[PDB]
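Before any comments, here is the structure.
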Amino acid sequence: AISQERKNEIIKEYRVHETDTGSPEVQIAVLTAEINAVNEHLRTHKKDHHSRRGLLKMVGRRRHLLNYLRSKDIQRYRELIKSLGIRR
Amino acid sequence: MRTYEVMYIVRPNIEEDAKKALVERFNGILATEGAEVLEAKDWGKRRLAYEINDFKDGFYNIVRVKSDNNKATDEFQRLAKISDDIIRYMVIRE
Amino acid sequence: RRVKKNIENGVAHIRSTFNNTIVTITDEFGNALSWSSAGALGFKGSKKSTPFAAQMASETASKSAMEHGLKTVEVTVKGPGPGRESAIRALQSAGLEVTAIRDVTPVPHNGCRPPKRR
Amino acid sequence: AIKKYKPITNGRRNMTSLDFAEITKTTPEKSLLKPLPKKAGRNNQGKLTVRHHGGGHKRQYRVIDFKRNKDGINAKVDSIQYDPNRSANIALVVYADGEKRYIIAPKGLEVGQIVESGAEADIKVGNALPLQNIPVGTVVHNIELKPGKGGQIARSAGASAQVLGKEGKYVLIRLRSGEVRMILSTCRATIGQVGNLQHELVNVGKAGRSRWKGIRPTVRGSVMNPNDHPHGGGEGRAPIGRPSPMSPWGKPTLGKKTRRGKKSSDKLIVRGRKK
Amino acid sequence: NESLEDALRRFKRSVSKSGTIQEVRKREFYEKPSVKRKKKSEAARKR
Amino acid sequence: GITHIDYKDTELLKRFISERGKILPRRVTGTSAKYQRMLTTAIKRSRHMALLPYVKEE
RNA sequence: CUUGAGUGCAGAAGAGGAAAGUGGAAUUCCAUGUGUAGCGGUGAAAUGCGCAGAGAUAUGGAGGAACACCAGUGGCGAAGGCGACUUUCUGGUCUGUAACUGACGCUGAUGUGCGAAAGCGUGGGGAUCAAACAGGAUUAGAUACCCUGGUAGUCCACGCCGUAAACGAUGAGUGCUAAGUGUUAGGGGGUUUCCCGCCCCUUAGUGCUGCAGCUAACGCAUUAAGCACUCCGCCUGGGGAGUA
């Protein structure tokens, strides 16, 4: 969904500074978990009109942020495409 | 974790002994999963505005139970169909 | 009985569509005693619709209702028609002692699909 | 699952099959088997009586404890398995006791599950019991008619019975055949529809399969020379002239009944439609 | 001692006040779900 | 304020229905719209447990 | 670097969706009872039903549908569309805060997916309604209007089809440009002994009236058809023809 507990949990591992709420590694991580959970939601519920809409938008947003990242730094970029294991 | 209210309604024509056994049985159903039976009540012998099956009035009954979201209805509103004495029911949240 | 069921509070069923109105009086439950229809009073077509035809069926069966004997009588009303206020004015003069009048002409709850045309 | 074999030749075109992901094991027991011959439609005398049976694959018999006599005791399933003798799959059991007895496969019965056969048993699949202790609106099978004979009805592939109401005795049912019969209130029964449901939705594909079973070819009547069949004869093709389309021993086919009005079931049946 | 015509009047607002007339008026023949809202989008300024 | 209903305020339910079994709308109440939305739900939930009827025309 | 965008923090509402589960009326039918002679429908009639006892009345049962009043020029939705209730899952939106990132943005060919009703297929169910259809009546004539009935279908799941007056006949985004009046979700201030009463301000949406300006004219006018910018798509007399 997720809980605000796990929401405030994951940031701990992937925040660069403890005040952080941006630092998009945050955003793509949280959102990554969400798109997974909604993926199997959508599995058991094969049809929803809103749901996959939300997924596609989450995704295009995600990759946008990711392109800002690889635009900025690459050592990170590698670091977390092999932490979260995404985009081959 | 969530606050699930709940109702049940039985006939007035049963002997009370059935009502007792069904109470203890019933809440026994609810709290066993890890749900936390919280607050019971007998709203009382109450006249209806509607004849359910052939009757006039009956026993309105309330209990309340707080739990995580996947423990109570799963067996409650199955047995509700099974129990001859049980008439109607209803479940809500906060 | 079962022809001569004798009471003192039956009930009067009435309906008035836009082509006809009929009437019939029974006991509380009830079970039949008598009726009348404007098509049985000789009338036809529009005349089945009149308040006047409602009065005459109301009386002409009401007398058969005091056959076995009855004074009080309650009302049922279906069928919004024009005779549903002249028929009653007839009925008080019929010599009866009515207690209640409750309209039941059911408005359902979005259940069934009516005819289309027109 | 059913499956589209694609055409490579002209005898795999329109055909289908099962796919058999409803099964754990391939090989059955040694112990509960019983051999079986095929008589192929003919009496003790030797005489054929029924036409177009015969000519199959070898097979065997596999016992079932329909009665579920041992009651109250629990058990489980250890496996699902094919049975050629019937359309529907079947499910093994290992009692907590230790015996082993094949029984039917309902819809959605999975390994590790448990079951009983007692009137104390509350309504779940397979838990057999006397029907008296059941509500209305419960799909059930392997029904008795007389008690203790072993269940008989709704035993086919897929769907099954449905209970409609109750006198204290007898007790009613609505059936696959759209009709109704009052039943003893104390008869044993089970819960749940039967398993395999697509057994109808095979397209056999060709004629050899039907022989593999076995079945074997039938013949019409509008070709037979007239000694054998009424519809026979007639030069050119045969527009049948005699009404009441007969059967090869007379006794017509179409419309006409065979249910006789003198059976002891005179008063049990109601609302008979699918015959 | 409320005359049966006065009862006919109490009944007359019993019927006129429960709207027992205009719903049968409204349900007597089919209405497409769009036309009762052209109906109310033209009653949307009359009122 | 601030929770509704469920069955507990009959001297507001009865204030907000007619004799017959129907609803008195927003206008004769003139109440707010969010309580209208909550309350109507509470009515239906209270009729389904038969605390009061769908039509009292008797 | 933050004023753009976005995440956070605290809040708010919602016929938002998909699966599941109950409930009541109401029609049709059936059983039973009462009980006699018409019911039904019409511009006026007949077709139809009726002594095998109809219709009416009354109890009970069946099962399919759609979920009355609330309901609002009300809301939600990107668009189609979304109105019995409850449950499970889930997305989306607005406010105020802001400490975080630090311009990450707009458009978007190609491409890709959603998509009214009708319809096709595998099945299922099938109460009402009614193309087609049968019949009466009407008509100079009536294959039609009108009356009587009745199939497909309407209904569920799964698939397909991919159109419409799919309309605000107004492409997406950014920003400025007089007012006044309402309704919806919020926020903030004041008053009030407590604002529940009320006043004031503001955001967002939502309607109504109307300056400037525009307009061929109708008319739009802070939800622009004004003023300017960026991107896409579209038009070049009509017919032939959205046809080969």
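Residue numbers start at 1 in each chain; chains themselves are named A, B, ... in the order of the structure tokens; ligands are numbered from 1 in the order shown.
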
Please report, as JSON lines, each residue of chain C lying at most 6 Å from chain E, together with the nearest pair of atoms and the separation in Å rounded to one decimal; use only C-alpha atoms, and order rows by chain and ascending residue number.
```
{"residue": "C:114", "atom": "CA", "partner": "E:30", "partner_atom": "CA", "distance": 5.4}
{"residue": "C:115", "atom": "CA", "partner": "E:29", "partner_atom": "CA", "distance": 5.4}
{"residue": "C:116", "atom": "CA", "partner": "E:30", "partner_atom": "CA", "distance": 4.6}
```

For chain A, list the residues within 10 Å of chain G, counting only C-alpha atoms (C1' of nucleotides), and write the list as a PyMOL selection string. chain A and resi 1+8+17-24+26-28+30+37-38+41-42+44-55+61+64-69+71-72

Atoms to include: N, CA, C and O atoms. Write the selected residues as a compact mmCIF listing (two decimals), in the first residue's frame.
```txt
# COMPACT_ATOMS: atom_id res chain seq x y z
N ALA A 1 0.79 -1.22 0.00
CA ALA A 1 0.00 0.00 0.00
C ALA A 1 0.84 1.29 0.00
O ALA A 1 0.64 2.11 -0.89
N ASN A 8 8.50 4.86 6.13
CA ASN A 8 9.59 5.49 6.85
C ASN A 8 10.73 4.54 7.16
O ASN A 8 11.75 4.98 7.70
N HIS A 17 21.50 11.48 3.52
CA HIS A 17 21.59 12.23 4.76
C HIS A 17 20.31 12.01 5.54
O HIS A 17 19.23 11.86 4.95
N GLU A 18 20.43 11.99 6.86
CA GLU A 18 19.33 11.53 7.69
C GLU A 18 18.14 12.47 7.66
O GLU A 18 17.03 12.05 8.00
N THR A 19 18.34 13.72 7.26
CA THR A 19 17.21 14.62 7.05
C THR A 19 16.48 14.34 5.74
O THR A 19 15.41 14.91 5.51
N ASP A 20 17.00 13.45 4.90
CA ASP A 20 16.52 13.36 3.53
C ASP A 20 15.10 12.82 3.44
O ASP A 20 14.72 11.87 4.12
N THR A 21 14.32 13.47 2.57
CA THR A 21 13.13 12.89 1.96
C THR A 21 13.18 12.88 0.44
O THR A 21 12.42 12.12 -0.17
N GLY A 22 14.02 13.70 -0.18
CA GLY A 22 14.26 13.62 -1.61
C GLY A 22 15.30 12.58 -1.90
O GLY A 22 15.16 11.44 -1.45
N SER A 23 16.37 12.96 -2.61
CA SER A 23 17.44 12.02 -2.95
C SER A 23 16.84 10.81 -3.64
O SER A 23 16.73 9.74 -3.02
N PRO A 24 16.49 10.93 -4.90
CA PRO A 24 15.42 10.12 -5.50
C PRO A 24 15.55 8.61 -5.36
O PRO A 24 14.58 7.88 -5.62
N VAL A 26 15.54 7.20 -2.67
CA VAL A 26 14.31 7.14 -1.89
C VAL A 26 13.13 6.79 -2.79
O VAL A 26 12.49 5.73 -2.65
N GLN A 27 12.84 7.68 -3.73
CA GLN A 27 11.56 7.66 -4.43
C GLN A 27 11.42 6.40 -5.26
O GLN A 27 10.38 5.72 -5.22
N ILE A 28 12.47 6.04 -5.99
CA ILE A 28 12.41 4.90 -6.88
C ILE A 28 12.34 3.61 -6.08
O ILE A 28 11.82 2.60 -6.55
N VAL A 30 10.89 3.19 -2.80
CA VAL A 30 9.52 3.10 -2.29
C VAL A 30 8.57 2.73 -3.41
O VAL A 30 7.81 1.75 -3.33
N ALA A 37 3.94 -4.76 -5.43
CA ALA A 37 2.77 -5.22 -4.68
C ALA A 37 1.50 -5.04 -5.49
O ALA A 37 0.64 -5.92 -5.52
N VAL A 38 1.41 -3.92 -6.19
CA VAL A 38 0.27 -3.69 -7.06
C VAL A 38 0.35 -4.59 -8.28
O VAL A 38 -0.69 -4.87 -8.89
N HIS A 41 -1.32 -7.72 -6.80
CA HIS A 41 -2.71 -7.28 -6.74
C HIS A 41 -3.37 -7.40 -8.09
O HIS A 41 -4.49 -7.91 -8.20
N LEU A 42 -2.72 -6.91 -9.11
CA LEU A 42 -3.33 -6.92 -10.42
C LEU A 42 -3.35 -8.32 -10.99
O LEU A 42 -4.25 -8.65 -11.78
N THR A 44 -3.98 -11.18 -9.18
CA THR A 44 -5.21 -11.79 -8.68
C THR A 44 -6.43 -11.04 -9.18
O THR A 44 -7.50 -11.64 -9.34
N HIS A 45 -6.29 -9.75 -9.43
CA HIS A 45 -7.31 -8.92 -10.05
C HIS A 45 -6.76 -8.54 -11.42
O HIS A 45 -6.13 -7.50 -11.58
N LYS A 46 -7.01 -9.40 -12.41
CA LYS A 46 -6.42 -9.20 -13.72
C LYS A 46 -6.83 -7.87 -14.32
O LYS A 46 -6.02 -7.22 -15.00
N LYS A 47 -8.07 -7.44 -14.07
CA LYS A 47 -8.59 -6.21 -14.64
C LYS A 47 -8.76 -5.16 -13.57
O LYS A 47 -9.37 -5.40 -12.53
N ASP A 48 -8.20 -3.99 -13.85
CA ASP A 48 -8.56 -2.73 -13.24
C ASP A 48 -8.14 -1.65 -14.22
O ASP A 48 -7.11 -1.76 -14.89
N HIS A 49 -8.95 -0.61 -14.29
CA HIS A 49 -8.75 0.45 -15.26
C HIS A 49 -7.85 1.53 -14.71
O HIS A 49 -7.03 2.11 -15.43
N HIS A 50 -7.99 1.78 -13.42
CA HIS A 50 -7.20 2.75 -12.68
C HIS A 50 -5.83 2.21 -12.34
O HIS A 50 -4.86 2.97 -12.25
N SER A 51 -5.75 0.90 -12.12
CA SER A 51 -4.60 0.36 -11.42
C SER A 51 -3.38 0.44 -12.30
O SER A 51 -2.37 1.08 -11.96
N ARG A 52 -3.47 -0.17 -13.47
CA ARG A 52 -2.34 -0.17 -14.37
C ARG A 52 -2.03 1.23 -14.84
O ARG A 52 -0.86 1.55 -15.09
N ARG A 53 -3.04 2.09 -14.94
CA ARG A 53 -2.80 3.51 -15.19
C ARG A 53 -1.83 4.07 -14.17
O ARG A 53 -0.81 4.69 -14.52
N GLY A 54 -2.09 3.79 -12.90
CA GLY A 54 -1.20 4.25 -11.87
C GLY A 54 0.18 3.65 -12.01
O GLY A 54 1.19 4.31 -11.76
N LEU A 55 0.25 2.39 -12.44
CA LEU A 55 1.55 1.76 -12.59
C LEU A 55 2.37 2.43 -13.68
O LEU A 55 3.54 2.77 -13.47
N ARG A 61 7.47 8.16 -14.47
CA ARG A 61 8.05 9.04 -13.47
C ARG A 61 9.36 8.47 -12.95
O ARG A 61 10.37 9.19 -12.85
N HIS A 64 12.16 8.71 -15.43
CA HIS A 64 12.57 10.11 -15.54
C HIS A 64 13.58 10.45 -14.46
O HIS A 64 14.69 10.94 -14.74
N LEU A 65 13.23 10.15 -13.21
CA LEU A 65 14.12 10.43 -12.10
C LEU A 65 15.45 9.72 -12.30
O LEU A 65 16.52 10.27 -12.03
N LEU A 66 15.38 8.50 -12.81
CA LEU A 66 16.56 7.70 -13.04
C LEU A 66 17.46 8.33 -14.07
O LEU A 66 18.69 8.26 -13.97
N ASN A 67 16.87 8.97 -15.08
CA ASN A 67 17.68 9.63 -16.09
C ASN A 67 18.31 10.88 -15.52
O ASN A 67 19.42 11.23 -15.90
N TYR A 68 17.63 11.55 -14.59
CA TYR A 68 18.30 12.63 -13.88
C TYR A 68 19.46 12.10 -13.07
O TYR A 68 20.47 12.80 -12.88
N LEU A 69 19.34 10.88 -12.56
CA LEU A 69 20.42 10.32 -11.76
C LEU A 69 21.63 10.02 -12.62
O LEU A 69 22.73 10.53 -12.36
N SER A 71 22.26 11.17 -15.35
CA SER A 71 22.75 12.46 -15.80
C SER A 71 23.72 13.05 -14.80
O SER A 71 24.70 13.70 -15.18
N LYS A 72 23.48 12.81 -13.51
CA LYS A 72 24.26 13.46 -12.46
C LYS A 72 25.46 12.61 -12.06
O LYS A 72 26.60 13.07 -12.12
```

In chain A, what's alpha helix (DSSP H) per DSSP? Answer as a PyMOL selection string? chain A and resi 4-14+25-44+51-72+75-81

Extract, using only C-alpha atoms (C1' of nucleotides), all DNA, RNA and protein residues at most 10 Å from range 35-43 of chain G, discarding same-chain residues fewer than 4 positions from it, and format them as an NGL selection string. (:C and (3 or 19-20 or 31-37 or 39-40 or 45-46)) or (:G and (48-51 or 53-57 or 137 or 146-148))

Which neighbours of range 94-109 of chain C fall inside 8 Å, counting only C-alpha atoms (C1' of nucleotides), when residues of the same chain fewer than 2 positions from it are skipped, and could you give them as a PyMOL selection string? (chain C and resi 59+62-63+70-80+90-92+111) or (chain E and resi 4+7+11+15+20+23-24) or (chain F and resi 57-58) or (chain G and resi 25-26+67-68)

Neighbour list for residue 33 in chain F as number ranges by chain, cut-off 12 Å, only C-alpha atoms (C1' of nucleotides), skip fewer than 5 positions in-chain: F: 25-27, 38-40; G: 13, 70-72, 74-75, 183-185

Go ahead and write the residues just picked, N, CA, C and O atoms (P, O5', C5', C4', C3', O3' and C1' of nucleotides), as a PDB file, in the first residue's frame.
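Contents of result.pdb, freshly written:
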```pdb
ATOM      1  N   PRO F  25     -35.711  15.205   2.680  1.00  0.00           N
ATOM      2  CA  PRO F  25     -34.436  15.588   2.068  1.00  0.00           C
ATOM      3  C   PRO F  25     -33.664  16.640   2.835  1.00  0.00           C
ATOM      4  O   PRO F  25     -33.996  17.003   3.965  1.00  0.00           O
ATOM      5  N   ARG F  26     -32.611  17.129   2.184  1.00  0.00           N
ATOM      6  CA  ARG F  26     -31.764  18.189   2.709  1.00  0.00           C
ATOM      7  C   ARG F  26     -32.522  19.464   3.014  1.00  0.00           C
ATOM      8  O   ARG F  26     -32.049  20.274   3.816  1.00  0.00           O
ATOM      9  N   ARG F  27     -33.665  19.683   2.380  1.00  0.00           N
ATOM     10  CA  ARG F  27     -34.249  21.013   2.402  1.00  0.00           C
ATOM     11  C   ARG F  27     -35.010  21.281   3.691  1.00  0.00           C
ATOM     12  O   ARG F  27     -34.873  22.356   4.284  1.00  0.00           O
ATOM     13  N   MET F  38     -23.372  10.856   5.429  1.00  0.00           N
ATOM     14  CA  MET F  38     -23.214   9.841   6.463  1.00  0.00           C
ATOM     15  C   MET F  38     -24.554   9.300   6.918  1.00  0.00           C
ATOM     16  O   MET F  38     -24.722   8.082   7.071  1.00  0.00           O
ATOM     17  N   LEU F  39     -25.519  10.190   7.129  1.00  0.00           N
ATOM     18  CA  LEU F  39     -26.728   9.777   7.809  1.00  0.00           C
ATOM     19  C   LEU F  39     -27.510   8.816   6.947  1.00  0.00           C
ATOM     20  O   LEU F  39     -27.951   7.785   7.443  1.00  0.00           O
ATOM     21  N   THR F  40     -27.627   9.097   5.646  1.00  0.00           N
ATOM     22  CA  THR F  40     -28.416   8.225   4.779  1.00  0.00           C
ATOM     23  C   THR F  40     -27.864   6.808   4.780  1.00  0.00           C
ATOM     24  O   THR F  40     -28.621   5.825   4.835  1.00  0.00           O
TER      25      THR F  40
ATOM     26  P     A G  13     -13.418  13.318   5.957  1.00  0.00           P
ATOM     27  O5'   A G  13     -14.035  13.335   4.491  1.00  0.00           O
ATOM     28  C5'   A G  13     -15.026  14.287   4.149  1.00  0.00           C
ATOM     29  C4'   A G  13     -15.174  14.448   2.659  1.00  0.00           C
ATOM     30  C3'   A G  13     -15.661  13.230   1.901  1.00  0.00           C
ATOM     31  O3'   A G  13     -17.064  13.052   1.982  1.00  0.00           O
ATOM     32  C1'   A G  13     -13.797  14.136   0.792  1.00  0.00           C
ATOM     33  P     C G  70     -35.875  12.510  -3.203  1.00  0.00           P
ATOM     34  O5'   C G  70     -34.567  12.286  -2.330  1.00  0.00           O
ATOM     35  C5'   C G  70     -34.468  12.878  -1.050  1.00  0.00           C
ATOM     36  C4'   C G  70     -33.271  12.385  -0.288  1.00  0.00           C
ATOM     37  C3'   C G  70     -31.922  12.758  -0.869  1.00  0.00           C
ATOM     38  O3'   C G  70     -31.510  14.048  -0.468  1.00  0.00           O
ATOM     39  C1'   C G  70     -31.950  10.457  -0.289  1.00  0.00           C
ATOM     40  P     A G  71     -30.109  14.637  -0.969  1.00  0.00           P
ATOM     41  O5'   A G  71     -30.147  14.404  -2.540  1.00  0.00           O
ATOM     42  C5'   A G  71     -30.269  15.511  -3.421  1.00  0.00           C
ATOM     43  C4'   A G  71     -30.621  15.085  -4.821  1.00  0.00           C
ATOM     44  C3'   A G  71     -32.046  14.582  -5.018  1.00  0.00           C
ATOM     45  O3'   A G  71     -32.532  14.991  -6.296  1.00  0.00           O
ATOM     46  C1'   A G  71     -30.520  12.896  -5.629  1.00  0.00           C
ATOM     47  P     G G  72     -33.471  16.288  -6.435  1.00  0.00           P
ATOM     48  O5'   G G  72     -32.456  17.510  -6.493  1.00  0.00           O
ATOM     49  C5'   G G  72     -31.447  17.586  -7.488  1.00  0.00           C
ATOM     50  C4'   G G  72     -30.378  18.568  -7.099  1.00  0.00           C
ATOM     51  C3'   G G  72     -29.163  18.634  -8.012  1.00  0.00           C
ATOM     52  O3'   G G  72     -29.345  19.501  -9.120  1.00  0.00           O
ATOM     53  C1'   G G  72     -28.468  18.451  -5.748  1.00  0.00           C
ATOM     54  P     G G  74     -25.704  23.014  -8.029  1.00  0.00           P
ATOM     55  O5'   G G  74     -25.600  21.425  -7.978  1.00  0.00           O
ATOM     56  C5'   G G  74     -24.405  20.754  -8.345  1.00  0.00           C
ATOM     57  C4'   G G  74     -23.824  19.998  -7.186  1.00  0.00           C
ATOM     58  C3'   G G  74     -22.602  19.162  -7.507  1.00  0.00           C
ATOM     59  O3'   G G  74     -21.409  19.918  -7.529  1.00  0.00           O
ATOM     60  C1'   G G  74     -24.146  17.820  -6.396  1.00  0.00           C
ATOM     61  P     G G  75     -20.243  19.555  -8.570  1.00  0.00           P
ATOM     62  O5'   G G  75     -19.543  18.298  -7.904  1.00  0.00           O
ATOM     63  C5'   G G  75     -19.082  18.388  -6.570  1.00  0.00           C
ATOM     64  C4'   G G  75     -18.788  17.036  -5.987  1.00  0.00           C
ATOM     65  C3'   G G  75     -17.718  16.246  -6.703  1.00  0.00           C
ATOM     66  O3'   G G  75     -16.424  16.599  -6.267  1.00  0.00           O
ATOM     67  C1'   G G  75     -19.606  14.881  -6.339  1.00  0.00           C
ATOM     68  P     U G 183     -25.087  29.133  -1.524  1.00  0.00           P
ATOM     69  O5'   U G 183     -24.556  27.785  -2.171  1.00  0.00           O
ATOM     70  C5'   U G 183     -25.467  26.824  -2.674  1.00  0.00           C
ATOM     71  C4'   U G 183     -24.746  25.668  -3.318  1.00  0.00           C
ATOM     72  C3'   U G 183     -23.664  25.006  -2.478  1.00  0.00           C
ATOM     73  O3'   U G 183     -24.175  24.043  -1.571  1.00  0.00           O
ATOM     74  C1'   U G 183     -22.813  25.467  -4.621  1.00  0.00           C
ATOM     75  P     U G 184     -23.237  23.431  -0.417  1.00  0.00           P
ATOM     76  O5'   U G 184     -22.030  22.742  -1.197  1.00  0.00           O
ATOM     77  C5'   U G 184     -22.145  21.422  -1.704  1.00  0.00           C
ATOM     78  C4'   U G 184     -20.814  20.864  -2.133  1.00  0.00           C
ATOM     79  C3'   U G 184     -19.735  20.821  -1.072  1.00  0.00           C
ATOM     80  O3'   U G 184     -19.887  19.747  -0.168  1.00  0.00           O
ATOM     81  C1'   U G 184     -18.825  21.617  -3.097  1.00  0.00           C
ATOM     82  P     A G 185     -19.198  19.824   1.277  1.00  0.00           P
ATOM     83  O5'   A G 185     -17.649  19.674   0.960  1.00  0.00           O
ATOM     84  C5'   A G 185     -17.125  18.417   0.575  1.00  0.00           C
ATOM     85  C4'   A G 185     -15.621  18.394   0.615  1.00  0.00           C
ATOM     86  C3'   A G 185     -14.977  19.023   1.835  1.00  0.00           C
ATOM     87  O3'   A G 185     -14.965  18.167   2.960  1.00  0.00           O
ATOM     88  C1'   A G 185     -13.906  19.814  -0.098  1.00  0.00           C
TER      89        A G 185
END
```

From CA of residue 149 in chain D to CA of residue 62 in chain D the spacing works out at 17.8 Å

Please, which residues of chain B, numbered as in this document, come out strand (DSSP E or B) from DSSP, as a PyMOL selection string? chain B and resi 2-10+36-47+57-67+88-91

Just-selected residues, N, CA and C atoms written as a short mmCIF file (atom, residue, chain, number, x, y, z; two decimals), in the first residue's frame:
```cif
data_model
loop_
_atom_site.label_atom_id
_atom_site.label_comp_id
_atom_site.auth_asym_id
_atom_site.auth_seq_id
_atom_site.Cartn_x
_atom_site.Cartn_y
_atom_site.Cartn_z
N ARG B 2 -7.27 -3.39 13.35
CA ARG B 2 -8.41 -2.57 12.97
C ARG B 2 -9.56 -2.88 13.92
N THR B 3 -10.48 -1.92 14.02
CA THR B 3 -11.62 -1.99 14.92
C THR B 3 -12.85 -2.44 14.14
N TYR B 4 -13.19 -3.71 14.29
CA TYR B 4 -14.35 -4.30 13.65
C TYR B 4 -15.48 -4.40 14.67
N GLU B 5 -16.51 -3.58 14.48
CA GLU B 5 -17.76 -3.78 15.18
C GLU B 5 -18.46 -5.00 14.60
N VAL B 6 -19.54 -5.42 15.26
CA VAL B 6 -20.32 -6.55 14.76
C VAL B 6 -21.64 -6.70 15.51
N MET B 7 -22.64 -7.21 14.81
CA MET B 7 -23.96 -7.52 15.32
C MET B 7 -24.23 -9.01 15.16
N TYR B 8 -25.19 -9.52 15.92
CA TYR B 8 -25.89 -10.75 15.57
C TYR B 8 -27.28 -10.70 16.17
N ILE B 9 -28.19 -11.44 15.54
CA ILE B 9 -29.60 -11.43 15.89
C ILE B 9 -30.11 -12.86 15.90
N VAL B 10 -30.71 -13.26 17.02
CA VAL B 10 -31.26 -14.59 17.21
C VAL B 10 -32.74 -14.46 17.51
N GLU B 36 -8.99 -9.82 19.24
CA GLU B 36 -9.07 -9.43 20.63
C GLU B 36 -10.50 -8.98 20.90
N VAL B 37 -11.34 -9.94 21.28
CA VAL B 37 -12.69 -9.63 21.71
C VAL B 37 -12.62 -8.60 22.82
N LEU B 38 -13.39 -7.54 22.67
CA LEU B 38 -13.15 -6.27 23.31
C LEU B 38 -14.32 -5.77 24.13
N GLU B 39 -15.54 -5.97 23.66
CA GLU B 39 -16.69 -5.30 24.25
C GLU B 39 -17.95 -5.99 23.76
N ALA B 40 -18.71 -6.58 24.69
CA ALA B 40 -19.96 -7.27 24.39
C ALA B 40 -21.13 -6.49 24.96
N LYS B 41 -22.33 -6.85 24.52
CA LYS B 41 -23.54 -6.17 24.96
C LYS B 41 -24.76 -6.95 24.49
N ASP B 42 -25.87 -6.73 25.19
CA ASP B 42 -27.20 -7.24 24.84
C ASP B 42 -28.11 -6.02 24.76
N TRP B 43 -28.20 -5.44 23.56
CA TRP B 43 -29.08 -4.30 23.31
C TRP B 43 -30.52 -4.59 23.70
N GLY B 44 -30.91 -5.85 23.66
CA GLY B 44 -32.03 -6.35 24.42
C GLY B 44 -33.12 -6.92 23.54
N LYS B 45 -34.05 -7.59 24.21
CA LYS B 45 -35.36 -7.86 23.66
C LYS B 45 -35.91 -6.59 23.04
N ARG B 46 -36.13 -6.63 21.73
CA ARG B 46 -36.42 -5.43 20.98
C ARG B 46 -37.46 -5.75 19.92
N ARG B 47 -38.48 -4.91 19.86
CA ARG B 47 -39.46 -5.03 18.81
C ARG B 47 -38.91 -4.48 17.50
N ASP B 57 -40.46 -9.93 16.80
CA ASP B 57 -39.41 -9.25 17.52
C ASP B 57 -38.28 -10.24 17.79
N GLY B 58 -37.25 -9.79 18.48
CA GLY B 58 -36.19 -10.72 18.83
C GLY B 58 -35.06 -10.04 19.56
N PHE B 59 -33.97 -10.80 19.67
CA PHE B 59 -32.81 -10.42 20.46
C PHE B 59 -31.79 -9.72 19.57
N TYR B 60 -31.68 -8.41 19.72
CA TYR B 60 -30.54 -7.69 19.19
C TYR B 60 -29.35 -7.87 20.10
N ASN B 61 -28.19 -8.06 19.49
CA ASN B 61 -26.99 -8.39 20.22
C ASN B 61 -25.82 -7.74 19.51
N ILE B 62 -24.92 -7.16 20.28
CA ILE B 62 -23.73 -6.52 19.76
C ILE B 62 -22.53 -7.07 20.49
N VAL B 63 -21.45 -7.29 19.74
CA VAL B 63 -20.13 -7.41 20.32
C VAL B 63 -19.18 -6.61 19.44
N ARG B 64 -18.01 -6.34 19.99
CA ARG B 64 -16.98 -5.61 19.28
C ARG B 64 -15.66 -6.32 19.47
N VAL B 65 -14.82 -6.21 18.46
CA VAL B 65 -13.58 -6.97 18.40
C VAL B 65 -12.61 -6.21 17.53
N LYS B 66 -11.39 -6.07 18.03
CA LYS B 66 -10.33 -5.35 17.36
C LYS B 66 -9.28 -6.35 16.93
N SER B 67 -8.78 -6.21 15.71
CA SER B 67 -7.87 -7.21 15.17
C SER B 67 -7.30 -6.73 13.85
N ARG B 88 -30.09 -12.69 11.07
CA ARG B 88 -29.38 -11.73 10.25
C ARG B 88 -28.06 -11.43 10.92
N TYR B 89 -27.28 -10.57 10.29
CA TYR B 89 -26.08 -10.04 10.91
C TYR B 89 -25.63 -8.82 10.12
N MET B 90 -24.50 -8.27 10.53
CA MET B 90 -23.91 -7.11 9.89
C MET B 90 -22.54 -6.87 10.49
N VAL B 91 -21.63 -6.37 9.66
CA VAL B 91 -20.27 -6.06 10.06
C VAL B 91 -19.91 -4.71 9.47
#
```

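Of note, CA of residue 3 in chain F and CA of residue 29 in chain F are spaced 18.4 Å apart.
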
What residues in chain G have any atom no more than 10 Å from chain E when counting only C-alpha atoms (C1' of nucleotides), and can you write them as a list in words? residues 68, 69, 73, 129 and 208 of chain G

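Going from CA of residue 116 in chain D to CA of residue 72 in chain D covers 5.7 Å.
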
Just want the 8 Å neighbourhood of range 12-16 of chain F, counted on only C-alpha atoms (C1' of nucleotides), with same-chain residues fewer than 2 positions away dropped. Output as a list in words.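 Contacts, with the query itself left out: residues 9, 10, 18, 23, 24, 25, 29 and 43 of chain F.
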
Do you know which residues are at most 12 Å from residue 29 in chain B counting only C-alpha atoms (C1' of nucleotides), after dropping those on the same chain fewer than 5 positions away, and could you put them as a list in words?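 Contacts, with the query itself left out: residues 22, 23, 24, 34, 35, 36, 37, 65, 71, 72, 73, 74, 75, 76, 77, 78, 79 and 80 of chain B.
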